[PDB]
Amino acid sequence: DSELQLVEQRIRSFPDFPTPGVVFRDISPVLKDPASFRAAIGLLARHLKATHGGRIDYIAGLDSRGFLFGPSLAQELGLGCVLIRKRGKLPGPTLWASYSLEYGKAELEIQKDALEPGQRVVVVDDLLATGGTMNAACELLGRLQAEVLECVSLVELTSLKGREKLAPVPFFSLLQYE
């Protein structure tokens, strides 16, 4: 797919970042090349419409890199975007959920009125690694009695088995690296 190639060729892979042996997949060049960004958003939107039809009510974008994609994806689908943030950032009543990040723990948070019970959401982030971040997002959304139809990302690091961590919630990525 030439569209997918426009995204793939704009992923920059940095070895030994942040630690030796780990390859960092930098999406910055996708953002910097408007054709690449448009392609990525288009491919995600097409997948989501083909898979869910009119079922999606909202996109949820994950703080922080997921914010780069959530609003554009929502816009392309004619939907709003709700936010899931690192804890401490959002005003008003919230729920929060811990997850494991590198060597310690972190928490995500959502405003209690972000969604109503029964609303259907797709979560977007830039990259799925261990699945911890996305899993915390799904937990929060479930606690608002929202239905998570799918999680999606531009990049998936398949050797880390994030897909399995999210099951039974469906997952889709544009690009896969071991």
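All residue numbers refer to positions in the sequence shown, first residue = 1.
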| request: Compare the other PDB entries of this protein and indicate whether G104 is left unmodelled in at least a third of them. | output: yes
| Residue range whose averaged C-alpha B-factor is higher in the record, 168-176 or 1-9 | 1-9
| Of 26-34 and 105-113, the one with larger mean CA B-factor | 105-113
| task | Using the entry's values, work out which of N135, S64, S153, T51 has the largest Cα B factor. | result | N135
| task | Would you mind ranking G78 by its C-alpha B-factor against the rest of the chain and naming the third, lowest, middle or highest? | result | middle
